[PDB]
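Report on the structure given below.
When a residue number appears, it is its place in the shown sequence, counting from 1. All values below come from the heavy atoms of this structure, side chains included, with hydrogens, waters and symmetry mates left out.
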Amino acid sequence: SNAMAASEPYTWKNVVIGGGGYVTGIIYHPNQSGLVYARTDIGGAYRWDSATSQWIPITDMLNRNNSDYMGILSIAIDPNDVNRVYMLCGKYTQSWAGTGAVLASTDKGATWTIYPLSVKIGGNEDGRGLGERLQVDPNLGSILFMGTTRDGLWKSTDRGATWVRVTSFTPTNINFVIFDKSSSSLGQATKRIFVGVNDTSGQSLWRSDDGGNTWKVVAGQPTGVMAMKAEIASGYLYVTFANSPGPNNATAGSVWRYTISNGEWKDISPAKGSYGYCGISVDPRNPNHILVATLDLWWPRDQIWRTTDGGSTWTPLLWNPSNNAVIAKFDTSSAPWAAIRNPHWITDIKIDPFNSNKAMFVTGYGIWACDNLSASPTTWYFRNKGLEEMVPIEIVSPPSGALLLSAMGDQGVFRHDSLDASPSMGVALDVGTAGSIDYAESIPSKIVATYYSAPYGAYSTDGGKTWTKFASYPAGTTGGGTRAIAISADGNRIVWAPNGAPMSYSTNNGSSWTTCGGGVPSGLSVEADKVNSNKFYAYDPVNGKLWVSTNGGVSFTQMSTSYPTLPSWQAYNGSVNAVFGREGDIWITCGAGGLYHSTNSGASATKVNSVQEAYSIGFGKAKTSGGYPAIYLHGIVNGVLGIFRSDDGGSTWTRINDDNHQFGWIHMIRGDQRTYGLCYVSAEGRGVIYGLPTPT
Ligand SMILES: OC[C@H]1O[C@@H](O[C@H]2[C@@H](OC[C@H]3O[C@@H](O[C@H]4[C@H](O)[C@@H](O)[C@H](O[C@H]5[C@H](O)[C@@H](O)[C@H](O)O[C@@H]5CO)O[C@@H]4CO[C@H]4OC[C@@H](O)[C@H](O)[C@H]4O[C@@H]4O[C@H](CO)[C@H](O)[C@H](O)[C@H]4O)[C@H](O)[C@@H](O)[C@@H]3O)OC[C@@H](O)[C@@H]2O)[C@H](O)[C@@H](O)[C@H]1O
């Protein structure tokens, strides 16, 4: 048990936006109606809540020390124990990446036991939408098998606590594992197992009939492609195939049916072209009702095919091939932004085992649900209430206008007039990945933002409702940068540190740019003073040096303070942060080096001894009129990692979260000038989460 020190009870909720990232799997529990789980590649897992019609994040106890476990390569249930759920966790398998873990729960994901593995888990690498790689033996639940992408097949006999390599399985890159539950009776190890591996020479699909002791290549399987996913029904093994593990680059594929008892193969592909197949679901109560989804059929768009006669005929559900006309109806009322995307990366699709007319499928930006597959045409709902997977690279909270503005990976800039409803206009700036956003303190209608295609930046004069792109950008710019722009308090001057170019300044809203003088390093995250439009700040985490401009960004000088340094790969922990309403009041985070505070425009700084480590800091409305703004800190205080608030200028802190609300990897944190106690947190793959004191 961790020590439960003094804290204020807070309520944490996602800013409602909807989806935004790659959901990599959905699992209906076959023996409890209403029990459904979903896995993602960078945002943990979810459990459906029918009572509140929303998804519940079940991995927010992951923290900065094990945030890689937010990558869910596989999720598995136990058909004979509805309270159990397992997860195969990890993001990358490269040499610089750590090992993965198996997480086991006996309370439907409310709490987890973490079992670290000796192998790396690629929950955010190629083929992450294949699966499921983790399986519970459907007849003897103490047995689990785990397919990995770099270390072959592993078996557990103690419900995932310990894992042993199955040395008899030679291939090392596994796509999925699937049990044939009819091959044994309850209480005995299931004898028939199929494993699909990444191999396009005709040796992707393997079969065992002795519980995994011996293995053999399935004769007659297709060549030039790999087995992607499988379903078993009525003695048939239905397998989707593609010439790439996905989610991209599939230019060939098929759907085949394998008769388990005699080894016969029948091609039941609905159509063939320069694309593959992956998603497949056989109706758990009707083996002749099957759905399959194309993969990387980019033009006109991906297709979902439905059969009710076991693949003899297929009906296209999404669009009509005869004239490429869309026929399915898509309801994005819950998240109007999502209409800028078309369903793609449909690597998983599942029919409800308790209603054959209900199904769901995943995309690269959220979950879609159909409640009547028998309708002609079908209607699909963007069903992602509570499911937030966006990466907020930067967020700002102006004191007037919108409550929040977000610069999101992949999806663009958002303007949030309400925290409990997705923005009615959708995306505010449709530019894809946006890495920076700032507003002018004294004129918060003036907002600037950066992105990753030329001219890499844009500005707004009406609080982000309308935008226009920069007429020019600094020479050599290859990207907008990360938290790399600052606009003066009066809105007349912009300092920009883009990728591939030296830090520059503009006096004409981006119509022309001039390189900043003084020798300040490039690629820093620049900060504007909230009062004095001639003062800008730029912190160098590697040298531990603060740079200050007193001439509106024309030139910078290096302050004498020797801050604790940080390695280049940890430079995200170094930042300088100016306080609204207080000229020259800046706070500097140095990661494990602590938190420093300057009240003379950076001329000198003092260590905040109450803070052990500081990763990001924000400021909000003071508790009483005339008091110092409330300080919101993500870091370590007295050995406790979490989120803290100080109401006395940084001398004492109150923890405003608990160990179940750490959210994995927090990118930054902001307060709110209009509401005391309100705290905005940007978390990797978990969108923006805001916290308020819980009413007593
Ligand atoms: O790592 C940071 C870096 O990442 C870059 O993207 C790379 C990575 O993408 C991860 C995200 O991918 C998302 O899916 C997209 C696919 O990656 C992409 O291949 C595919 O491309 C299509 C295109 O949509 C089709 O119109 C065209 O006919 O064929 C192409 C393929 O040949 O599109 C997928 C969706 O893309 C859209 O959402 C994400 C945005 O970032 C894109 O700007 C956007 O692309 C637009 O799509 C619309 C239609 O809605 C229009 O077609 C526009 O013309 C397109 O610009 C996936 O949804 C996410 O979940 C995932 O996180 O990794 C894969 C690699 O191929 C990518 O290059 C990114 O470009 C950089 O800005 C950085 O952020």
Side-chain angles (χ1 to χ4, degrees), residues 14 16-30 32-40 43 45-58 72 75 77 129 229 231 278-286 289-294 301-306 315-319 326-390 421-422 687:
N14 262 114
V16 175
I17 318 177
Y22 189 12
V23 185
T24 43
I26 293 172
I27 288 292
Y28 290 90
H29 199 290
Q32 175 164 99
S33 170
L35 181 54
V36 191
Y37 296 95
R39 66 179 182 92
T40 74
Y46 292 85
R47 188 191 66 244
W48 178 250
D49 189 355
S50 179
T52 60
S53 294
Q54 71 184 71
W55 298 95
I56 309 290
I58 56 181
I72 317 297
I75 196 163
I77 45 84
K229 296 193 148 174
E231 296 269 291
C278 182
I280 178 173
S281 159
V282 175
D283 193 337
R285 300 225 71 96
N286 181 5
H289 180 211
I290 310 181
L291 302 170
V292 302
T294 58
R301 63 203 70 79
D302 278 294
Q303 182 73 274
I304 293 175
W305 295 90
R306 179 169 182 263
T315 300
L317 293 193
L318 298 191
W319 51 282
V326 184
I327 55 173
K329 284 283 150 134
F330 297 100
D331 190 327
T332 49
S333 59
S334 71
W337 86 267
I340 69 175
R341 304 290 176 243
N342 293 328
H344 66 270
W345 287 7
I346 317 179
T347 47
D348 210 28
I349 184 163
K350 295 299 177 65
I351 299 165
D352 190 346
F354 305 109
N355 189 330
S356 302
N357 279 317
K358 294 173 73 167
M360 293 188 293
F361 66 81
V362 303
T363 67
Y365 60 102
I367 292 181
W368 287 94
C370 181
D371 289 340
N372 188 5
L373 291 163
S374 271
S376 210
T378 56
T379 297
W380 295 83
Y381 304 94
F382 196 67
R383 191 156 297 169
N384 295 272
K385 187 170 181 165
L387 208 162
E388 309 285 352
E389 207 187 328
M390 290 174 183
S422 191

CD1/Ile304 to OG1/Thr315 distance, rounded to the nearest 0.5 angstrom? 13.0 Å
List the residues meeting side chain to side chain contact (heavy atoms under 4.5 Å, CB included) with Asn384, not counting sequence neighbours, and say none if there are none. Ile367, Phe382, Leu387
State, with a plain yes or no, whether a side-chain heavy atom of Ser422 is found less than 4.5 Å away from one of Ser334. no
Got a sec, which residues hit ring pair (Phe, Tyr, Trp, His ring centres under 6.0 Å) with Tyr46, two or more places apart in sequence or on another chain? none
Between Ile290 and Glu231, is any pair of side-chain heavy atoms under 4.5 Å apart? no
Donor-acceptor contacts under 3.5 Å from residues 374-381 side chains, at least two apart:
{"unit_1": "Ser374", "atom_1": "OG", "unit_2": "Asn357", "atom_2": "OD1", "d": "3.0"}
{"unit_1": "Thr378", "atom_1": "OG1", "unit_2": "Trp380", "atom_2": "NE1", "d": "2.9"}

CD1/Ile17 to CD/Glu388 distance, rounded to the nearest 0.5 angstrom? 5.5 Å
Roughly how far, to the nearest 0.5 Å, is the CH2 atom of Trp368 from the OG1 atom of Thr332? 5.5 Å
Quick one: pull up CG in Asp283 and CG in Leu373 and give me the separation to the nearest 0.5 Å. 9.0 Å
Quick check: do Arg341 and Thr363 have side-chain heavy atoms less than 4.5 Å from each other? no
Could you measure the distance from the OG atom of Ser33 to the CG atom of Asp352? Nearest 0.5 Å is fine. 6.5 Å
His344: what forms a ring pair (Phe, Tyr, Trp, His ring centres under 6.0 Å) with it, not counting sequence neighbours? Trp298, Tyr365
To the nearest 0.5 Å, how far apart are CG in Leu317 and CD1 in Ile327? 7.0 Å
What do you reckon, is CZ of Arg301 surrounded by more than 12 foreign heavy atoms closer than 6.0 Å? yes
Side chains of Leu318 and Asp302, heavy atoms from C-beta outward: is any pair under 4.5 Å? no
Student check: side-chain heavy atoms of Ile351 and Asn286 closer than 4.5 Å: no
Show me the pairs that pass salt bridge (charged side-chain N to carboxylate O under 4.0 Å, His left out) and involve residues 360-384, at least two apart or across chains. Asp371-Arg383
Before you tell me yes or no, could you show the steps for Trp48 and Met360 under side-chain contact (heavy atoms from CB on, under 4.5 Å), namely the whole-Å CA-CA distance, both residues' side-chain angles and the distance that decides it to 0.1 Å? CA-CA 12 Å; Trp48 178 250; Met360 293 188 293; over 6 Å; no
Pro353 meets the side chain to side chain contact (heavy atoms under 4.5 Å, CB included) criterion, sequence neighbours left out, with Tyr28, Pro284
Qualifying residues under side chain to side chain donor-acceptor pair (under 3.5 Å), relative to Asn342, sequence neighbours excluded: none
Counterpart residues, salt bridge (charged side-chain N to carboxylate O under 4.0 Å, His left out), relative to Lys385 (two or more places apart): none
Side chain to side chain donor-acceptor pair (under 3.5 Å) partners of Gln54, counting only residues at least two apart: none
Mind checking what makes side chain to side chain contact (heavy atoms under 4.5 Å, CB included) contact with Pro30, not counting sequence neighbours? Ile77, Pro79
Taking side chain as C-beta onward, heavy atoms only, is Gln303 less than 4.5 Å from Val292? no
Nearest heavy atoms of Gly19 and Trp337, plus distance in Å: C-CZ2, 4.5 Å
Side chain to side chain donor-acceptor pair (under 3.5 Å) against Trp345, all qualifying residues, sequence neighbours excluded: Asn248
In chain order, what residues pass the side chain to side chain donor-acceptor pair (under 3.5 Å) check against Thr24, with sequence neighbours excluded? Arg39
Between the main-chain N or O of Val362 and the side-chain N or O of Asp348, is there a donor-acceptor pair closer than 3.5 Å? no
Hey, are the side chains of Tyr22 and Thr347 touching, using non-hydrogen atoms and a 4.5 Å cut-off? yes
If every non-hydrogen atom of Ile349 is compared with every non-hydrogen atom of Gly279, which pair is closest and at what distance? CG2-C, 3.7 Å
